[PDB]
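What follows is one structure encoded as structure tokens, with my remarks underneath.
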Amino acid sequence: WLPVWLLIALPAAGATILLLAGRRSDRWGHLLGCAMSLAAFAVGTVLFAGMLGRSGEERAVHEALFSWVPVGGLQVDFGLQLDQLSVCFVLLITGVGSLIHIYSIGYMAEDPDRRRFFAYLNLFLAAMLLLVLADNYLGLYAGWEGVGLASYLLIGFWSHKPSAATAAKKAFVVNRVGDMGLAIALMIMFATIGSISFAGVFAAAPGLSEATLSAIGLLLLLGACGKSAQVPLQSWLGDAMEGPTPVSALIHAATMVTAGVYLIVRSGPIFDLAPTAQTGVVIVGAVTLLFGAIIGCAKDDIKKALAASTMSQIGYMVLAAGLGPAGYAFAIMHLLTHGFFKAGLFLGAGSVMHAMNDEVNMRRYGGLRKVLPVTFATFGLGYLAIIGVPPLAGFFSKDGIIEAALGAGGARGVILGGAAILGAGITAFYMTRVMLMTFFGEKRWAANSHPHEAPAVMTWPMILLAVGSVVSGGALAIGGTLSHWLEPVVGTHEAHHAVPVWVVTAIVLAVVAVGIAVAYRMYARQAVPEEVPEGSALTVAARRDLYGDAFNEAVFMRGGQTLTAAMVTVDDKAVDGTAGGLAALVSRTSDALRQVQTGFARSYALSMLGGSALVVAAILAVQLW
Amino acid sequence: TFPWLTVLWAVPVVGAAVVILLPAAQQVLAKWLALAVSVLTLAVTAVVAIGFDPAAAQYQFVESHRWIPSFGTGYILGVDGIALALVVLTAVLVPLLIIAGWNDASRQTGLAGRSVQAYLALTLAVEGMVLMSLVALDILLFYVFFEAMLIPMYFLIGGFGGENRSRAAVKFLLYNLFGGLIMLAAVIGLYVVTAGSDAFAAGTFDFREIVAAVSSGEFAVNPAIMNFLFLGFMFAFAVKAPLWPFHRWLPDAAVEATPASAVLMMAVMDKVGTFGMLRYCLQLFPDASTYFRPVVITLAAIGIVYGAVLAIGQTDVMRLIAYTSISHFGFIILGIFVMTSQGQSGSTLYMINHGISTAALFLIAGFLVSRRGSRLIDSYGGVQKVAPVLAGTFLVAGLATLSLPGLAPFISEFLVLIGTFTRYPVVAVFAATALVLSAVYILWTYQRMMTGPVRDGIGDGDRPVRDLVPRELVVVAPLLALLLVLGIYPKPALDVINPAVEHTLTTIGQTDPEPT
Ligand SMILES: CCCCCCCCCCC(=O)OC[C@H](COP(=O)(O)O[C@H]1[C@H](O[C@H]2O[C@H](CO)[C@@H](O)[C@H](O)[C@@H]2O)[C@H](O)[C@@H](O)[C@H](O)[C@@H]1O[C@@H]1O[C@H](COC(=O)CCCCCCCCCC)[C@@H](O)[C@H](O)[C@@H]1O)OC(=O)CCCCCCC
């Protein structure tokens with residue numbers, strides 16, 4: 001029988017080979033990486049089928065491989081917990097990563113080192129699988145830092161470009177801040193509960209106190225901000241787009257960003273008992289949703305706009321998760337639908353960039369609808385899913401999240417619902433702007449660009465991603481199949497129904513329509529300008545990512561450099577200064593004493609006659625003085 | 001029973017003597033003989049470890065003989081889990097350093113042509129003295145070799161090494177020797193106190209006897225005298241293991257010495273300091289160590305953060321690595337002095353992992369520096385394009401020093417941090433900031449050196465940066481393999497470390513705090 005850990009072994013081993021075989025595997029390495037990803041997908045599907053063939057607690061698969069860190073009371077044993085929640089992430093990650101690998105075959109076909117790129121992709125998939133499968137928070141941390149490393153490597157690909165290297169470094173550092181927060185969380189968990197595994201943690205979760213649980217939840221939320229790119233750690237997404245488009249697709253659709261939401265939901269027991277932590281998570285989700293929606297409207301680059309949209313969607317998912325069990329299942333469903341349609345959108349954007357001679361500016365593109373019919377269709381399907389057309393997948397998930405936010409009740413519920421509605425409207429506006437500037441209007445192409453249809457290898461993944469963006473949302477929402485599936489592990493909940501569901505759906509549709517009409521008037525009725533138009537202070541602020549980078553450069557880069565200079569000065573002048581002063585004192589005293597060696601025999605005789613000092617000392621020894 | 005530890009520590013010294021006695025014309029044969037001696041020492045260490053039973057008595061392979069009864073010191077060897085870990089580290093590393101420094105002594109002239117023989121003999125002598133210090137179960141014997149090991153390393157830095165080698169060697173030897181002399185004051189005080197106590201027949205240096213006497217309570221001593229003795233021991237070990245602010249000697253010696261010698265210093269030699277804290281400071285003076293725990297914990301945390309910041313601020317690659325190592329010793333001492341099973345086991349495993357990781361990173365940086373002619377970080381750029389393997393191995397080593405979970409150091413750092421939090425949460429958080437600072441000073445250096453457009457003269461010119469030669473791969477691959485193995489499956493190390501740590505904590509009346 002196939003053990004669960006194969007899911008991790010198949011990709012990682014592939015990566016290992018692709019990393020060690022080197023040039024010998026450069027000709028066929030991508031094939032091996034794709035095969036490893038596909039095998040992981042097959043194993044995940046088989047495990048999901050086995051879980052379906054089981055009922056109740058038998059659905060989840062818990063498997064402890066070996067004792068890992070048996071130090072005193074820690075006794076952490078490496079183990080995987082493929083539960084109803086874990087299997088959904090496993091399937092999403094494996095399928096989307098396999099599709100992205102297939103797409104990368106063609107996307108990286110003309111670029112050397114494709115074998116190394118696929119090695120990094122396989123390592124990324126293995127890290128994500130370990131993150132979602134680990135039955136304890138220490139294995140979760142292992143997968144977490146592995147995902148961080150893989151994101152650094154992939155974003156850092158094309159190392160000859162300084163921007164790519166800087167983006168990789170920034171991504172890893174921001175991820176590592178959240179990792180440090182999660183490390184504080186684990187230390188608190190061990191100190192208070194004495195255990196790190198999910199089972200023991202959640203068994204002891206009811207104890208401790210509101211303050212301790214809130215601290216744990218807040219640190220986990222910081223970690224998620226690190227991964228999920230929530231404020232204030234949301235600044236690294238924009239620069240990460242310097243990497244290959246498949247990297248952006250994989251990061252935003254699954255694994256990297258999905259990790260924060262997975263951490264929040266898997267930690268559901270803690271947040272349920274920590275209302276203050278849930279409030280913090282909700283605030284972060286709403287704020288980052290609004291910030292990403294605002295930033296996206298200004299980005300003139302397809303990659304940057306897609307990154308802002310991903311940030312906004314992750315914010316919506318985070319708000320749903322922080323809403324407690326009422327939104328946890330809806331959060332997971334929206335995460336899956338986002339994986340699908342965001343991956344489709346990123347693949348379409350990569351196809352456009354490849355056709356546009358790697359052009360990334362949305363202003364240069366235009367009227368591509370006829371130029372790339374397959375890419376246009378895939379991008380439009382993902383666009384409909386993201387906007388949330390009733391047939392599209394995103395419609396059901398976003399509607400459920402908004403309904404939960406509104407049903408949170410009171411001032412908090414009203415604020416969350418208003419934030420969600422504004423986010424939906426801004427998302428519609430930004431996505432419509434991007435789509436119109438890309439596929440509609442005059443060509444605006446430059447440098448004699450000659451767009452061509454993407455090959456079948458990059459195309460089939462696009463069609464499958466569009467099919468997912470069309471179907472998965474309904475397939476999961478209609479009848480509450482996903483909600484019932486997550487019920488046994490995720491906290492069950494009833495419906496408050498603060499407002500009629502049809503009312504919320506109509507409001508969402510009206511907001512989306514208003515945004516679409518505004519975007520059409522701005523960029524469809526009015527020809528798309530070829531240059532960045534001026535605008536209100538808000539427009540430039542969004543163009544600068546709401547100064548999010550500048551703040552980081554203003555506070556931490558500058559403050560960090562100040563602290564570094566201060567410490568270097570302390571080392572060179574204070575710490576080393578004490579030893580230098582000691583040496584100077586010794587040398588000065590040595591010179592002074594050497595001056596006593598006058599060289600005159602009579603001076604030496606005087607020093608000897610100083611033996612009067614010895615005489616007086618001996619005499620006074622009895623004088624008691 | 002065969003005197004396994006005696007052979008273990010004697011073989012390096014005898015091999016050094018033979019190597020230095022070889023004629024000048026046998027330089028290559030001298031290198032091979034030194035490597036063979038190192039491999040024989042590694043085999044001896046392997047058999048000792050295999051025969052070592054972690055479930056058995058605390059000390060094993062014990063050899064005991066009368067050496068200087070007049071001083072109350074005996075030739076007593078014996079290896080515990082803590083000692084065995086460092087012994088294995090030293091034994092495995094020394095051959096790798098030898099094959100790394102294969103040609104480091106080639107350009108040195110004079111010395112009757114014994115430059116290669118002298119370098120190899122000094123390295124082997126350092127290995128032997130470090131090993132005997134690790135296995136010694138007598139305070140005076142351990143002090144003798146803890147201080148003696150400085151001289152071979154002092155020669156190894158001053159001889160060979162960079163232009164400023166002389167000043168660096170002087171600063172090294174004088175810092176460490178001032179500390180060792182303070183240890184001598186403390187050791188003589190310990191002898192005097194033991195002589196004045198009825199617990200022993202006379203002034204004694206048998207570590208086991210003194211530890212048992214203090215633990216049982218028979219050897220009660222005035223807490224002020226114990227505090228002073230502990231202060232002397234801790235000061236000596238703090239200069240040896242670069243505890244902040246006593247670190248200032250380490251950067252110059254590490255940068256000026258050859259990469260193999262610098263690694264031997266920081267990776268292997270300096271560990272004897274931290275190990276010294278773990279075996280003696282805590283067990284000879286449990287009361288004084290407990291009393292001073294706040295101060296030493298604060299110093300270790302400040303060392304972590306301060307060394308990380310300085311490494312961020314450095315412009316020389318090798319000096320950056322040296323400050324990284326200073327911060328890592330900060331972690332080691334923090335884990336040692338928190339007096340927690342998790343903390344101490346993590347600190348020992350960290351000694352191991354840091355030895356390996358610093359060896360790998362420093363040796364790779366040394367290879368790169370040799371390829372070019374400058375240690376300046378800004379002097380490089382886009383090195384990944386020209387030497388993919390060199391850049392990849394450097395990245396892996398940095399990730400190890402960065403404490404990724406997939407690599408060994410994280411397991412230790414985590415374990416240390418965990419242990420620190422259960423007793424000093426604020427100190428734990430302050431140290432945890434080093435997780436971010438390490439990402440900074442590793443990845444920024446990687447960005448500055450290996451990424452971006454290929455800097456002039458790196459891929460072309462008279463001194464292009466060619467990829468690693470097979471010998472450098474022989475050096476690097478084992479270190480990366482150990483990092484990966486101890487990251488994925490650290491248990492084999494912990495199984496040895498955990499018992500010894502428990503015996504240590506049991507000895508000092510300390511226990512892991514019960515969870516809330
Ligand atoms: C709790 C602790 C939190 C502390 C986290 C802070 C981490 C360190 C911040 C600085 C950094 O993280 O590192 C930047 C430099 C090297 O700067 P770089 O040279 O690498 O790149 C520059 C670029 O210069 C060129 O760089 C190459 C060519 O040289 C090209 O590719 C580029 O296009 C460009 O032309 C460009 O011109 C310069 O204006 C920029 O400074 C470029 O960096 C820039 O940093 C900025 C900051 O980033 C961060 O994550 C900080 C935020 C992370 C945490 C903040 C919020 C967390 C709150 C939690 C609640 C970003 O806006 C981008 O990250 C951008 O990239 O390190 C240093 O001095 C370190 C000195 C001391 C640091 C010690 C800190 C204690």
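Values below: all heavy atoms of this structure, side chains included; hydrogens, waters and symmetry mates excluded. Order of the sequence lines sets the chain letters (A, B, ...), proteins ahead of strands, with each chain counted from 1.
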task = Mind listing the closest non-hydrogen atom pair of B/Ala432 and A/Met187 along with its distance?
result = CB-CE, 4.2 Å

Minimum-distance pair of heavy atoms, taken over all atoms of A/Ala165 and B/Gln447 = CB-CG, 3.9 Å

ask   = Taking C-beta and beyond as the side chain, do B/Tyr306 and A/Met567 meet within less than 4.5 Å on heavy atoms?
value = yes

key: Closest approach of B/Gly313 to A/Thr564 (non-hydrogen atoms, all atoms of both residues)   = CA-CG2, 3.2 Å

query = Sub-3.5 Å donor-acceptor pair from the side chain of B/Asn498 to the main-chain atoms of A/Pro70, do we have one?
reply = yes

query = What are the two closest non-hydrogen atoms of B/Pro515 and A/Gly194, and how far apart are they?
reply = CB-N, 3.6 Å

query = Looking at B/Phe410 versus A/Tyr141, is the centre-to-centre ring distance below 6.0 Å?
reply = yes

query = Is A/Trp68 close to B/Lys491 at the side-chain level, that is, under 4.5 Å between some pair of heavy atoms?
reply = no

inquiry  = Once rounded to the nearest 0.5 Å, what's the spacing between atom OH of A/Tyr152 and atom CG of B/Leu402?
reply    = 10.0 Å

request  = Provide the closest heavy-atom pair for A/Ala579 versus B/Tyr175 in the form atom of the first, atom of the second, distance.
outcome  = CB-OH, 2.8 Å

ask   = Side chains of B/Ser345 and A/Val71: closer than 4.5 Å at any heavy-atom pair?
value = yes

ask   = In Å, rounded to the nearest 0.5 Å, how long is the span from CD1 of B/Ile418 to CE of A/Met189?
value = 9.5 Å

key: B/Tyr489 and A/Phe66 aromatic centres sub-6.0 Å   = yes

ask   = Non-hydrogen atoms of chain A under 4.5 Å away: do they reach the side chain of B/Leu395, the backbone, both or neither?
value = side chain

ask   = Are any of the side-chain heavy atoms of A/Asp571 and B/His247 separated by less than 4.5 Å?
value = yes

query = Stepwise, does the side chain to side chain contact (heavy atoms under 4.5 Å, CB included) test hold for B/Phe414 with A/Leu74?
reply = CA-CA 11 Å; B/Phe414 175 73; A/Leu74 188 58; 4.1 Å; yes

request  = May I ask you to test the B/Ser438-A/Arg176 pair for a side-chain heavy-atom distance under 4.5 Å?
outcome  = yes

message = With heavy-atom distances below 4.5 Å as the criterion, would you say the side chains of A/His160 and B/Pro453 are in contact?
response = no

message = Pair A/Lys169, B/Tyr446 - check side chain to side chain contact (heavy atoms under 4.5 Å, CB included), show working.
response = CA-CA 9 Å; A/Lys169 185 202 65 163; B/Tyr446 194 90; over 6 Å; no

query = Any side-chain heavy atom of A/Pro162 sitting closer than 4.5 Å to one from B/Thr451?
reply = no

task = Provide the closest heavy-atom pair for B/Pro245 versus A/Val575 in the form atom of the first, atom of the second, distance.
result = O-CG1, 3.2 Å

